[PDB]
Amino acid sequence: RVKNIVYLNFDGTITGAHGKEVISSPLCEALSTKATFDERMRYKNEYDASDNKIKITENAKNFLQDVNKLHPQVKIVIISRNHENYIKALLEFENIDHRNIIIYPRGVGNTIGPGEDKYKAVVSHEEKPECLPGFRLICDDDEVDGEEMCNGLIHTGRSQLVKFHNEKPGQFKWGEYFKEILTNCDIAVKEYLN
């Protein structure tokens, strides 16, 4: 059973840079085909020397690590037009465990992936048999795409308790959102304490 889900855009939400200025960048293109930990980790040096705007933000890192400790009472879903291997590389560079994070990303080549249609990605996830009504958090730096994810919840009758946050990159209030999870998810907080 999964009752509480956190849906996060990646570029500009977990990182400091809008997707459009990152998707075509040499580093993102290079990492797109790096399908193993060993192949991705060769890029850590280039990542650490990059403009700070493209990195996972300090506060988003701390949020992800903190919410990871609430598994399995809370699950994290990343929905993104970016490449799966770029997302996994950056999580690995910041020493963020992604083994229980679900990633819906770009497709490969001419195949379309689930992260390319955010509305449909949310509907598909909610229709998985293990997913149940409960707490929903949605964060997106693109207000239109955020509303699309909200619309997915509405469409599935999963919009009973939704916190939706849309901020400019670098302005997300991650500590407050953690408090929102704790104040709205009783079994999460009981686990996180004792």
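Residue positions are given as counts along the sequence shown, with the first one as 1.
Mean C-alpha B-factor is higher over 160 to 168 than over the other stretch, the pair under comparison being 160 to 168 and 40 to 48. When the two stretches 178 to 186 and 6 to 14 are set side by side, the higher mean Cα temperature factor goes to 178 to 186. Per the deposited record, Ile112 carries the highest C-alpha B-factor of all listed residues (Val74, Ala89, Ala121, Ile112).
When the C-alpha B-factors of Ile56, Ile154, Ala35, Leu27 are read from the PDB record, the largest value belongs to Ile154. Ranked against the other modelled residues of its chain, the C-alpha B-factor of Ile138 as given in the entry falls in the lowest third. Sort the chain's modelled residues by C-alpha temperature factor and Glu130 lands in the highest third, per the entry. When all modelled residues of the chain are sorted by CA temperature factor, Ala60 is found within the middle third. For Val144, the recorded CA temperature factor ranks within the highest third of the chain's modelled residues. In this PDB entry, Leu31 carries a Cα temperature factor that places it within the lowest third of its chain's modelled residues.
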